[PDB]
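For reference, the structure is listed below as structure tokens.
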Amino acid sequence: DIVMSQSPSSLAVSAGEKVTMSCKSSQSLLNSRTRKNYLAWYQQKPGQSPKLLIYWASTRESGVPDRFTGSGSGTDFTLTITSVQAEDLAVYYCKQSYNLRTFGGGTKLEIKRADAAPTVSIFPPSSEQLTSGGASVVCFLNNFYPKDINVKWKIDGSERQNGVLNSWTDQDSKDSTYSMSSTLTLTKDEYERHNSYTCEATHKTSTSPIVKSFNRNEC
Amino acid sequence: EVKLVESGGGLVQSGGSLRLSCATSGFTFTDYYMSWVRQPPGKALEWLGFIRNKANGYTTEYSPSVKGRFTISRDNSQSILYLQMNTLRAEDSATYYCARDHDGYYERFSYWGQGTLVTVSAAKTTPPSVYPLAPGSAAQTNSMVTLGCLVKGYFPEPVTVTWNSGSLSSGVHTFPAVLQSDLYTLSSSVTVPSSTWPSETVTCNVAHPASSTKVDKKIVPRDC
Ligand SMILES: C=CCO[C@]1(C(=O)O)C[C@@H](O[C@]2(C(=O)O)C[C@@H](O)[C@@H](O)[C@@H]([C@H](O)CO)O2)[C@@H](O)[C@@H]([C@H](O)CO)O1
Ligand SMILES: [Mg+2]
Ligand SMILES: [Mg+2]
Ligand SMILES: [Zn+2]
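Note that the protein sequences, when read in sequence, are chains A and B. Positions 1 to 219 (the working numbering) are the ones given, in order, by the first sequence. Positions 1001 to 1224 (the working numbering) are the ones given, in order, by the second sequence.
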């Protein structure tokens, strides 16, 4: 086997700054006859298929921005990105093709940006869901940074933790922010026992939580 | 324009078999090696195998991880690549990509398909319920408005969500599904100027290929 390892596993860089990442092969990838290193780099943006950036270690594929440079030889290789852009958010993989093919484990590149507070929206259960006996209350927390955030649900002023489902998006390729959805699911019967439904977001951008609420009796 | 399009992904039980296909166009199929690569959700790419080009007798090689269990073949008349998978296991659940490989001058995977998702599970196919997310009747409406769709209780992945058939793409956040007792739920938000809704229609288009579900859900205001 040829074993491929990458580092770091992940890192975060601000726009305009330089990125360096490494790929190691357990044996030399340098072909004596052709005198090339059979090592390629791929970029895989969130939700996309992988794209080839560099092959033969240092040959930039046509169309690939000049800020991407591959270097190294033998068992050790480097991908350098200068003047990193928000759109460069992705997982980068190296791949050997000296003996069949093997991919490294990937390096996840995140983008650092200025802190931004979330925009919070709350939604009562729809009449179509209630008809079926269920009641989901949804809270969107959009376009914030950093990713770390705390959401609590208060029903009639009291915290509820059971029945919550949280999901974060990948970082945005354009504004480098995150978003999160939080869904509280109750039975129609439990929903109709209480009035006040509140989702409270605490984020480092403010010492006061962002609070969105509605009262069922006033829907 | 070069085209690689995978098909055949879906739900299959442990022990079972599944054949994937990859239809190609925009290049001379026989001049190229073709590879299959997979990727379990949230994990690394894994090369599975290739089939060589015409000059190399269309011979095959496999990763040790799948050799003896997966078979690659190709239809040179139609320019279609196949992957036959047998004795499937949980670890085989993944997105499967076909990729144009070696042309003998170039070490590189130049073109990849969009991928097809295979889920190995005993759980049954369940279509999603799709619910509109409109501000409540105590919405103090302001400059911008955020609407959404809750896509609840389906299996297996994936679902696709668009807004106004694709016309609305900016200001959209589709949240990754999360699995809770054997069913997935996801949501999607869209943000638009208040002047445009509800004066103009906003509709989420949801599809769940495994159940052939197609849903258009119009977001209607709770007064209005
Ligand atoms: C070195 C001997 C013969 O190898 C080649 C050649 O032209 O030199 C290349 C071989 O190609 C592969 C392969 O296994 O098919 C794929 C390439 O991506 C690369 O990995 C090379 C590897 O560097 C070679 O050791 O292998 C193959 O075409 C081979 C013929 O099949 C042999 O009869 O010819
Ligand atoms: Mg070895
Ligand atoms: Mg956003
Ligand atoms: Zn109660």
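Even for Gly, the Cβ is constructed at its ideal location relative to N, Cα and C.
What is the C-beta distance between residue i and residue j, in whole angstroms, given that I count them as a contact (C-beta under 8 Å)?
i, j, result
"residue 119 of chain A", "residue 1185 of chain B", "Actually they do not touch by this definition, with Cβ atoms about 22 Å apart."
"residue 1021 of chain B", "residue 1080 of chain B", "6 Å"
"residue 1152 of chain B", "residue 1129 of chain B", "5 Å"
"residue 1088 of chain B", "residue 1042 of chain B", "In fact, because the Cβ distance is near 19 Å, the residues do not count as touching under 8 Å."
"residue 83 of chain A", "residue 16 of chain A", "6 Å"
"residue 244 of chain A", "residue 108 of chain A", "One cannot answer for residue 244 of chain A here, as it falls past the ends of chain A, which runs 1 to 219."
"residue 6 of chain A", "residue 23 of chain A", "5 Å"
"residue 19 of chain A", "residue 80 of chain A", "7 Å"
"residue 1082 of chain B", "residue 1074 of chain B", "7 Å"
DSSP three-state call for residue i: helix, strand or coil?
i, result
"residue 205 of chain A", "coil"
"residue 1029 of chain B", "helix"
"residue 200 of chain A", "strand"
"residue 1092 of chain B", "helix"
"residue 92 of chain A", "strand"
"residue 1166 of chain B", "helix"
"residue 174 of chain A", "coil"
"residue 216 of chain A", "helix"
"residue 1196 of chain B", "helix"
"residue 1044 of chain B", "coil"
"residue 1078 of chain B", "coil"
"residue 97 of chain A", "coil"
"residue 1054 of chain B", "helix"
"residue 1210 of chain B", "helix"
"residue 1177 of chain B", "coil"
"residue 24 of chain A", "strand"
"residue 188 of chain A", "helix"
"residue 131 of chain A", "helix"
"residue 86 of chain A", "helix"
"residue 1024 of chain B", "strand"
"residue 56 of chain A", "coil"
"residue 76 of chain A", "strand"
"residue 1204 of chain B", "strand"
"residue 1216 of chain B", "strand"
"residue 1110 of chain B", "coil"
"residue 122 of chain A", "strand"
Going by beta carbon distance, what residues of the same chain come within less than 8 Å of residue i, once the five residues before and after it are set aside?
i, result
"residue 1224 of chain B", "1198"
"residue 1144 of chain B", "1191, 1192, 1193, 1194"
"residue 1124 of chain B", "1155"
"residue 1133 of chain B", "1147, 1148, 1149, 1150, 1187, 1189, 1219"
"residue 1180 of chain B", "none"
For residue i versus residue j, is the C-beta distance shorter than 9 Å?
i, j, result
"residue 1160 of chain B", "residue 1205 of chain B", "yes"
"residue 1033 of chain B", "residue 136 of chain A", "no"
"residue 140 of chain A", "residue 1148 of chain B", "yes"
"residue 67 of chain A", "residue 85 of chain A", "yes"
"residue 1037 of chain B", "residue 1024 of chain B", "no"
"residue 12 of chain A", "residue 112 of chain A", "yes"
"residue 96 of chain A", "residue 4 of chain A", "yes"
"residue 1238 of chain B", "residue 1040 of chain B", "Here chain B comprises residues numbered 1001 to 1224, so residue 1238 of chain B is not present and cannot be evaluated."
"residue 1018 of chain B", "residue 1118 of chain B", "yes"
"residue 70 of chain A", "residue 29 of chain A", "no"
"residue 52 of chain A", "residue 38 of chain A", "no"
"residue 1208 of chain B", "residue 181 of chain A", "no"
"residue 1030 of chain B", "residue 1054 of chain B", "yes"
"residue 149 of chain A", "residue 213 of chain A", "no"
"residue 1203 of chain B", "residue 1127 of chain B", "no"
"residue 219 of chain A", "residue 1090 of chain B", "no"
"residue 50 of chain A", "residue 1112 of chain B", "yes"
"residue 1176 of chain B", "residue 172 of chain A", "no"
"residue 1136 of chain B", "residue 124 of chain A", "yes"
"residue 1026 of chain B", "residue 1210 of chain B", "no"
"residue 26 of chain A", "residue 1 of chain A", "yes"
"residue 185 of chain A", "residue 144 of chain A", "no"
Looking only at its own chain, which residues have a Cβ that is under 7 Å from the Cβ of residue i, when we skip the five neighbours before and after it?
i, result
"residue 133 of chain A", "187, 188"
"residue 1071 of chain B", "1084"
"residue 1215 of chain B", "1130, 1206"
"residue 1201 of chain B", "1218"
"residue 1052 of chain B", "1033, 1058, 1059"
"residue 1076 of chain B", "1029, 1030"
By Cβ distance below 6 Å, which residues in the same chain neighbour residue i in space, the five residues on each side in sequence not counted?
i, result
"residue 200 of chain A", "152, 209, 211"
"residue 221 of chain A", "The first residue shown for chain A is 1 and the last is 219, placing residue 221 of chain A beyond what the model contains."
"residue 1158 of chain B", "1117"
"residue 1097 of chain B", "1037, 1112, 1113, 1115"
Contact criterion: CB-CB distance below 9 Å. Does residue i meet it with respect to chain C?
i, result
"residue 168 of chain A", "No chain C is present in this structure, whose protein chains are A and B."
Any heavy atom of ligand 6 within a distance shorter than 8 Å of the CB on residue i?
i, result
"residue 193 of chain A", "This structure lacks ligand 6; the ligands present are ligand 1, ligand 2, ligand 3 and ligand 4."
Cβ pair count under 8 Å reaching 3, the region 1102 to 1110 of chain B against the region 49 to 61 of chain A: Under the Cβ criterion (8 Å, minimum of three pairs), the region 1102 to 1110 of chain B counts as touching the region 49 to 61 of chain A.
Cβ contact (3+ pairs, closer than 8 Å) linking the region 90 to 104 of chain A and the region 1033 to 1053 of chain B: The region 90 to 104 of chain A is in contact with the region 1033 to 1053 of chain B.
Three or more C-beta pairs below 8 Å linking the region 105 to 123 of chain A and the region 1064 to 1082 of chain B: No contact exists between the region 105 to 123 of chain A and the region 1064 to 1082 of chain B.
Touching by the beta-carbon criterion (3+ pairs, under 8 Å), the region 83 to 90 of chain A and the region 168 to 176 of chain A: By the Cβ rule, the region 83 to 90 of chain A counts as touching the region 168 to 176 of chain A, because three or more pairs are nearer than 8 Å.
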